[PDB]
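The structure appears below as C-alpha cells.
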Amino acid sequence: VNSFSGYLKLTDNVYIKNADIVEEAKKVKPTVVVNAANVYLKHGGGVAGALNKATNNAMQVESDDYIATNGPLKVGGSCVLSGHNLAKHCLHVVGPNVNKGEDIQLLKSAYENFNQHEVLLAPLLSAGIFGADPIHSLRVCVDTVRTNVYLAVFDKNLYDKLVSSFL
Ligand SMILES: C[C@]1(Nc2ncnc3[nH]c4cc(F)ccc4c23)C[C@@H](O)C1
Ligand SMILES: [Cl-]
C-alpha cells in the first residue's frame, strides 16, 4: 500500500492520473519524482521548468554543479539527484526531443531507467515540448517499465484521450 490517490490502473504496475506533477509531488512526497530532463540539466520549461521553479531554483543550482563535475548526460540516460522539497530523490531522465531530431527508439532506453526504482511518480517521457506522440510514450512505458509507476498527465483533454485509446 502507498499514498498515491485517484489513479486509474492501466496494468499490473502502471497507474495514470490527470494531475500537475508539481502539486502531486508536493502532496505525496514520493521517494522518486522523475524529471523530463535534457542532457545539460537546463530546466527551462515544460515539466523541468515547473519542477525547478517549485524548488526555488535549488534544482538548477545542484544540476549546474553536477554538469560541471560530470559533463552532459546521454539521450536515453539519467542521473539521481536530490528531490529537494518535492521528493526524496529526483531521477532526471532524458527522453529524445523530436524537435531536435533525436531517435525516437531511444525512448525505450529512457524508460528503462525507471526499472532501477521500485516506485516512481513520473510524466510521460518525450511528451509535451519534447515533441513525441504521448500515446506512443504511454505504450512504450507500459511495455518497458516493470516497477510501479504513477503517471501524472497535466492536460485533462490529453489524459482522457490516453485512457480512451489505451489497449
Ligand atoms: C508531457 C506533459 N507535461 C507535464 N506532465 C505532468 N505534469 C506537468 N506539469 C507541468 C507544469 C508546467 F508548467 C509545464 C508542463 C507540465 C507537465 C503532459 C502534457 O500536458 C505535456
Ligand atoms: Cl511539457
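Chain identifiers are assigned as A, B, and so on, following the order in which chains appear in the C-alpha cells; residues are numbered from 1 within each chain, and ligands are numbered from 1 in order of appearance.
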Using only C-alpha atoms, which protein or nucleic acid residues come within 7 Å of residue 40 (chain A)? Drop anything in the same chain fewer than 3 positions from it, and give the result as a JSON list (two decimals) with N, CA, C and O atoms, in the first residue's frame.
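As written to disk, selection_26.json reads:
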```json
[["chain", "number", "residue", "atom", "x", "y", "z"],
["A", 67, "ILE", "N", 26.73, 18.96, -13.66],
["A", 67, "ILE", "CA", 27.26, 19.03, -15.02],
["A", 67, "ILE", "C", 28.71, 19.49, -15.02],
["A", 67, "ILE", "O", 29.54, 18.99, -15.79],
["A", 72, "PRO", "N", 27.66, 16.37, -19.66],
["A", 72, "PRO", "CA", 26.26, 16.10, -20.00],
["A", 72, "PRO", "C", 25.88, 14.63, -19.88],
["A", 72, "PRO", "O", 26.70, 13.72, -20.02],
["A", 73, "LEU", "N", 24.59, 14.42, -19.65],
["A", 73, "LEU", "CA", 24.01, 13.09, -19.76],
["A", 73, "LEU", "C", 23.96, 12.65, -21.22],
["A", 73, "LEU", "O", 24.20, 13.44, -22.14]]
```
Nearby residues (only C-alpha atoms) at most 8 Å from residue 111 (chain A), same-chain spacing under 2 positions excluded, as a ChimeraX atom specification: /A:76,107-109,113-115,125,140-141,144-145
Near-residue 90 (chain A) list (9 Å; only C-alpha atoms; drop same-chain fewer than 5 positions) as a list in words: residues 31, 32, 33, 34, 35, 79, 80, 81, 82, 83 and 84 of chain A
Counting only C-alpha atoms, which residues of region 30-80 of chain A fall within 9 Å of region 126-130 of chain A, and what is the closest atom pair for each with its distance in Å at one decimal, ordered by chain and rising number, as a Markdown table?
```
| residue | atom | partner | partner_atom | distance |
| --- | --- | --- | --- | --- |
| A:36 | CA | A:126 | CA | 7.4 |
| A:45 | CA | A:129 | CA | 8.2 |
| A:46 | CA | A:129 | CA | 6.3 |
| A:47 | CA | A:128 | CA | 8.3 |
```
Those same residues, written as an mmCIF file, in the first residue's frame with N, CA and C atoms?
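again_30.cif, written as the output of this step:
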```
data_model
loop_
_atom_site.group_PDB
_atom_site.id
_atom_site.type_symbol
_atom_site.label_atom_id
_atom_site.label_comp_id
_atom_site.auth_asym_id
_atom_site.auth_seq_id
_atom_site.Cartn_x
_atom_site.Cartn_y
_atom_site.Cartn_z
ATOM 1 N N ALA A 36 11.589 15.344 -16.594
ATOM 2 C CA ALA A 36 11.775 15.332 -18.042
ATOM 3 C C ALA A 36 12.963 16.234 -18.382
ATOM 4 N N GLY A 45 11.808 24.884 -19.090
ATOM 5 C CA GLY A 45 10.404 24.871 -19.451
ATOM 6 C C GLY A 45 9.847 23.465 -19.369
ATOM 7 N N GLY A 46 8.579 23.339 -19.742
ATOM 8 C CA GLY A 46 7.946 22.048 -19.623
ATOM 9 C C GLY A 46 7.917 21.593 -18.176
ATOM 10 N N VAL A 47 7.874 20.270 -17.995
ATOM 11 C CA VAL A 47 7.912 19.689 -16.658
ATOM 12 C C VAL A 47 9.143 20.162 -15.885
#
```
Residue contacts of residue 59 (chain A) (9 Å, only C-alpha atoms) excluding same-chain residues fewer than 3 positions away, as a PyMOL selection string: chain A and resi 43+51-56+62-64+81-84
Selection: 12 Å around residue 147 (chain A), only C-alpha atoms, excl. self and same-chain fewer than 5 positions, as a list in words: residues 11, 12, 13, 14, 15, 111, 112, 113, 114, 115, 116, 117, 118, 119, 120, 121, 141 and 142 of chain A
Coordinates-based distance that separates CA of residue 74 (chain A) from CA of residue 24 (chain A) (Å, one decimal):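 Going from CA of residue 24 (chain A) over to CA of residue 74 (chain A) covers 27.6 Å.
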Length of the CA of residue 20 (chain A) to atom 13 (F, counted along the ligand's line) of ligand 1 vector [Å]: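 So the two atoms, CA of residue 20 (chain A) and atom 13 (F, counted along the ligand's line) of ligand 1, lie 8.3 Å apart.
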When DSSP is applied to the backbone of this structure, which of chain A are assigned helix (DSSP H, G or I)? Write them out as an mmCIF file with N, CA and C atoms, in the first residue's frame.
```cif
data_model
loop_
_atom_site.group_PDB
_atom_site.id
_atom_site.type_symbol
_atom_site.label_atom_id
_atom_site.label_comp_id
_atom_site.auth_asym_id
_atom_site.auth_seq_id
_atom_site.Cartn_x
_atom_site.Cartn_y
_atom_site.Cartn_z
ATOM 1 N N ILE A 21 2.163 17.414 -11.916
ATOM 2 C CA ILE A 21 3.188 16.631 -11.228
ATOM 3 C C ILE A 21 3.812 17.418 -10.080
ATOM 4 N N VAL A 22 3.881 18.747 -10.200
ATOM 5 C CA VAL A 22 4.410 19.571 -9.114
ATOM 6 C C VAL A 22 3.522 19.457 -7.882
ATOM 7 N N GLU A 23 2.216 19.646 -8.065
ATOM 8 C CA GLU A 23 1.292 19.566 -6.938
ATOM 9 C C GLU A 23 1.204 18.145 -6.404
ATOM 10 N N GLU A 24 1.274 17.160 -7.291
ATOM 11 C CA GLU A 24 1.254 15.776 -6.843
ATOM 12 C C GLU A 24 2.489 15.456 -6.002
ATOM 13 N N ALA A 25 3.670 15.894 -6.448
ATOM 14 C CA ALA A 25 4.880 15.657 -5.668
ATOM 15 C C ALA A 25 4.797 16.336 -4.306
ATOM 16 N N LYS A 26 4.346 17.592 -4.276
ATOM 17 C CA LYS A 26 4.249 18.308 -3.006
ATOM 18 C C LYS A 26 3.322 17.597 -2.029
ATOM 19 N N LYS A 27 2.270 16.952 -2.530
ATOM 20 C CA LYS A 27 1.314 16.280 -1.657
ATOM 21 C C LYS A 27 1.825 14.915 -1.205
ATOM 22 N N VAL A 28 2.354 14.122 -2.136
ATOM 23 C CA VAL A 28 2.744 12.755 -1.810
ATOM 24 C C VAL A 28 4.136 12.670 -1.182
ATOM 25 N N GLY A 46 8.579 23.339 -19.742
ATOM 26 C CA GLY A 46 7.946 22.048 -19.623
ATOM 27 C C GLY A 46 7.917 21.593 -18.176
ATOM 28 N N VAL A 47 7.874 20.270 -17.995
ATOM 29 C CA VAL A 47 7.912 19.689 -16.658
ATOM 30 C C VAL A 47 9.143 20.162 -15.885
ATOM 31 N N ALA A 48 10.311 20.166 -16.533
ATOM 32 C CA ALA A 48 11.544 20.510 -15.828
ATOM 33 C C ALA A 48 11.505 21.940 -15.306
ATOM 34 N N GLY A 49 11.064 22.877 -16.140
ATOM 35 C CA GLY A 49 10.951 24.250 -15.672
ATOM 36 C C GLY A 49 10.011 24.371 -14.489
ATOM 37 N N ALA A 50 8.902 23.626 -14.524
ATOM 38 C CA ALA A 50 7.936 23.667 -13.432
ATOM 39 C C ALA A 50 8.506 23.066 -12.147
ATOM 40 N N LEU A 51 9.137 21.891 -12.237
ATOM 41 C CA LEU A 51 9.738 21.296 -11.044
ATOM 42 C C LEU A 51 10.801 22.218 -10.465
ATOM 43 N N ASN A 52 11.668 22.754 -11.322
ATOM 44 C CA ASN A 52 12.740 23.599 -10.814
ATOM 45 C C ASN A 52 12.191 24.852 -10.132
ATOM 46 N N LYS A 53 11.181 25.487 -10.742
ATOM 47 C CA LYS A 53 10.555 26.658 -10.136
ATOM 48 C C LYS A 53 10.020 26.327 -8.748
ATOM 49 N N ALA A 54 9.414 25.147 -8.590
ATOM 50 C CA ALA A 54 8.872 24.754 -7.297
ATOM 51 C C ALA A 54 9.957 24.569 -6.237
ATOM 52 N N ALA A 58 16.691 25.685 -6.580
ATOM 53 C CA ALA A 58 17.706 24.831 -5.970
ATOM 54 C C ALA A 58 18.041 23.636 -6.857
ATOM 55 N N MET A 59 17.050 23.101 -7.572
ATOM 56 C CA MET A 59 17.315 22.026 -8.518
ATOM 57 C C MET A 59 18.331 22.452 -9.573
ATOM 58 N N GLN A 60 18.185 23.667 -10.110
ATOM 59 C CA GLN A 60 19.115 24.154 -11.128
ATOM 60 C C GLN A 60 20.522 24.334 -10.564
ATOM 61 N N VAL A 61 20.638 24.879 -9.350
ATOM 62 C CA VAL A 61 21.952 25.079 -8.738
ATOM 63 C C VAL A 61 22.660 23.738 -8.561
ATOM 64 N N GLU A 62 21.939 22.744 -8.033
ATOM 65 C CA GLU A 62 22.513 21.414 -7.859
ATOM 66 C C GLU A 62 22.908 20.812 -9.204
ATOM 67 N N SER A 63 22.044 21.000 -10.208
ATOM 68 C CA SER A 63 22.281 20.443 -11.534
ATOM 69 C C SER A 63 23.508 21.058 -12.192
ATOM 70 N N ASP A 64 23.708 22.371 -12.028
ATOM 71 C CA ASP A 64 24.867 23.014 -12.634
ATOM 72 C C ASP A 64 26.160 22.459 -12.050
ATOM 73 N N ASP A 65 26.175 22.194 -10.745
ATOM 74 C CA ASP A 65 27.339 21.554 -10.143
ATOM 75 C C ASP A 65 27.536 20.136 -10.678
ATOM 76 N N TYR A 66 26.443 19.379 -10.841
ATOM 77 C CA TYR A 66 26.545 18.027 -11.400
ATOM 78 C C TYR A 66 27.190 18.053 -12.784
ATOM 79 N N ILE A 67 26.732 18.962 -13.655
ATOM 80 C CA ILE A 67 27.260 19.029 -15.018
ATOM 81 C C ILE A 67 28.714 19.492 -15.019
ATOM 82 N N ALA A 68 29.046 20.466 -14.173
ATOM 83 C CA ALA A 68 30.426 20.930 -14.100
ATOM 84 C C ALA A 68 31.372 19.795 -13.733
ATOM 85 N N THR A 69 30.920 18.856 -12.905
ATOM 86 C CA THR A 69 31.756 17.736 -12.490
ATOM 87 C C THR A 69 31.757 16.602 -13.507
ATOM 88 N N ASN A 70 30.590 16.263 -14.060
ATOM 89 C CA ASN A 70 30.400 15.012 -14.787
ATOM 90 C C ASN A 70 30.187 15.173 -16.281
ATOM 91 N N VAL A 98 12.081 15.226 -30.090
ATOM 92 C CA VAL A 98 11.782 15.175 -31.517
ATOM 93 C C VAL A 98 12.050 16.519 -32.174
ATOM 94 N N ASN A 99 11.821 17.613 -31.452
ATOM 95 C CA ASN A 99 12.107 18.930 -32.006
ATOM 96 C C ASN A 99 13.609 19.211 -32.136
ATOM 97 N N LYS A 100 14.468 18.255 -31.757
ATOM 98 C CA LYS A 100 15.900 18.308 -32.029
ATOM 99 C C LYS A 100 16.352 17.228 -33.006
ATOM 100 N N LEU A 106 15.204 5.767 -28.833
ATOM 101 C CA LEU A 106 15.836 5.986 -27.542
ATOM 102 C C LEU A 106 14.816 6.139 -26.427
ATOM 103 N N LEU A 107 13.526 6.248 -26.759
ATOM 104 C CA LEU A 107 12.514 6.376 -25.718
ATOM 105 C C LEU A 107 12.462 5.132 -24.838
ATOM 106 N N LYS A 108 12.625 3.947 -25.432
ATOM 107 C CA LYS A 108 12.639 2.735 -24.619
ATOM 108 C C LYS A 108 13.818 2.742 -23.651
ATOM 109 N N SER A 109 15.008 3.100 -24.138
ATOM 110 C CA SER A 109 16.167 3.208 -23.255
ATOM 111 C C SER A 109 15.905 4.176 -22.107
ATOM 112 N N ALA A 110 15.254 5.304 -22.397
ATOM 113 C CA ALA A 110 14.939 6.275 -21.352
ATOM 114 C C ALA A 110 14.053 5.651 -20.277
ATOM 115 N N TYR A 111 13.003 4.935 -20.692
ATOM 116 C CA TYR A 111 12.104 4.330 -19.716
ATOM 117 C C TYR A 111 12.788 3.225 -18.913
ATOM 118 N N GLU A 112 13.798 2.549 -19.482
ATOM 119 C CA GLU A 112 14.491 1.501 -18.735
ATOM 120 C C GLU A 112 15.088 2.023 -17.432
ATOM 121 N N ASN A 113 15.443 3.312 -17.376
ATOM 122 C CA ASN A 113 15.958 3.872 -16.134
ATOM 123 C C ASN A 113 14.965 3.727 -14.989
ATOM 124 N N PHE A 114 13.659 3.726 -15.287
ATOM 125 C CA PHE A 114 12.673 3.612 -14.217
ATOM 126 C C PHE A 114 12.778 2.278 -13.479
ATOM 127 N N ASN A 115 13.309 1.239 -14.136
ATOM 128 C CA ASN A 115 13.327 -0.086 -13.527
ATOM 129 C C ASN A 115 14.316 -0.191 -12.380
ATOM 130 N N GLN A 116 15.177 0.810 -12.198
ATOM 131 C CA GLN A 116 16.097 0.837 -11.070
ATOM 132 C C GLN A 116 15.446 1.353 -9.794
ATOM 133 N N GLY A 128 4.834 16.511 -24.403
ATOM 134 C CA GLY A 128 4.912 17.955 -24.254
ATOM 135 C C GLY A 128 5.888 18.563 -25.238
ATOM 136 N N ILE A 129 6.722 19.485 -24.739
ATOM 137 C CA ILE A 129 7.649 20.220 -25.596
ATOM 138 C C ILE A 129 8.757 19.356 -26.184
ATOM 139 N N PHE A 130 8.898 18.092 -25.747
ATOM 140 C CA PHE A 130 9.839 17.185 -26.399
ATOM 141 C C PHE A 130 9.285 16.602 -27.701
ATOM 142 N N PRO A 134 2.248 11.434 -27.260
ATOM 143 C CA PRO A 134 2.071 10.885 -25.906
ATOM 144 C C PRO A 134 1.422 9.512 -25.883
ATOM 145 N N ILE A 135 0.572 9.191 -26.861
ATOM 146 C CA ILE A 135 0.011 7.844 -26.926
ATOM 147 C C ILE A 135 1.125 6.823 -27.109
ATOM 148 N N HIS A 136 2.089 7.132 -27.980
ATOM 149 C CA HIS A 136 3.232 6.242 -28.137
ATOM 150 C C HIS A 136 4.064 6.173 -26.859
ATOM 151 N N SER A 137 4.303 7.315 -26.214
ATOM 152 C CA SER A 137 5.078 7.298 -24.981
ATOM 153 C C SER A 137 4.437 6.400 -23.928
ATOM 154 N N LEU A 138 3.110 6.461 -23.794
ATOM 155 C CA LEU A 138 2.435 5.608 -22.823
ATOM 156 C C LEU A 138 2.608 4.130 -23.172
ATOM 157 N N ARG A 139 2.513 3.795 -24.461
ATOM 158 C CA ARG A 139 2.699 2.412 -24.892
ATOM 159 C C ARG A 139 4.098 1.913 -24.540
ATOM 160 N N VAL A 140 5.121 2.713 -24.847
ATOM 161 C CA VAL A 140 6.489 2.322 -24.510
ATOM 162 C C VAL A 140 6.649 2.174 -23.005
ATOM 163 N N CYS A 141 6.061 3.088 -22.230
ATOM 164 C CA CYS A 141 6.130 2.982 -20.775
ATOM 165 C C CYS A 141 5.581 1.635 -20.311
ATOM 166 N N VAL A 142 4.367 1.304 -20.752
ATOM 167 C CA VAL A 142 3.713 0.076 -20.301
ATOM 168 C C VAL A 142 4.512 -1.154 -20.708
ATOM 169 N N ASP A 143 5.123 -1.123 -21.888
ATOM 170 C CA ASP A 143 5.874 -2.263 -22.404
ATOM 171 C C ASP A 143 7.331 -2.306 -21.940
ATOM 172 N N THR A 144 7.790 -1.333 -21.163
ATOM 173 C CA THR A 144 9.189 -1.263 -20.743
ATOM 174 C C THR A 144 9.365 -1.250 -19.236
ATOM 175 N N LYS A 156 -5.978 17.779 -19.182
ATOM 176 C CA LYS A 156 -7.142 16.913 -18.999
ATOM 177 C C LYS A 156 -7.589 16.305 -20.325
ATOM 178 N N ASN A 157 -7.621 17.113 -21.383
ATOM 179 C CA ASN A 157 -8.012 16.587 -22.685
ATOM 180 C C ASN A 157 -7.087 15.452 -23.122
ATOM 181 N N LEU A 158 -5.780 15.619 -22.926
ATOM 182 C CA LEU A 158 -4.846 14.559 -23.286
ATOM 183 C C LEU A 158 -5.053 13.326 -22.421
ATOM 184 N N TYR A 159 -5.238 13.523 -21.117
ATOM 185 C CA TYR A 159 -5.495 12.397 -20.225
ATOM 186 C C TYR A 159 -6.663 11.545 -20.717
ATOM 187 N N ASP A 160 -7.786 12.187 -21.046
ATOM 188 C CA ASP A 160 -8.963 11.439 -21.492
ATOM 189 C C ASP A 160 -8.670 10.673 -22.778
ATOM 190 N N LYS A 161 -7.900 11.277 -23.684
ATOM 191 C CA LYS A 161 -7.543 10.591 -24.922
ATOM 192 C C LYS A 161 -6.626 9.401 -24.651
ATOM 193 N N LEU A 162 -5.693 9.548 -23.708
ATOM 194 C CA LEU A 162 -4.791 8.448 -23.374
ATOM 195 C C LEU A 162 -5.560 7.264 -22.803
ATOM 196 N N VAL A 163 -6.501 7.535 -21.904
ATOM 197 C CA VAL A 163 -7.310 6.473 -21.315
ATOM 198 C C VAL A 163 -8.179 5.811 -22.377
ATOM 199 N N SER A 164 -8.916 6.619 -23.138
ATOM 200 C CA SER A 164 -9.907 6.077 -24.059
ATOM 201 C C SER A 164 -9.280 5.296 -25.203
#
```
Among the residues A:16, A:102, A:2, A:38, the one that comes closest to residue 149 (chain A) [using only C-alpha atoms]: A:16
Counting only C-alpha atoms, the residue of A:151, A:57, A:41, A:75 that sits nearest residue 92 (chain A): A:41
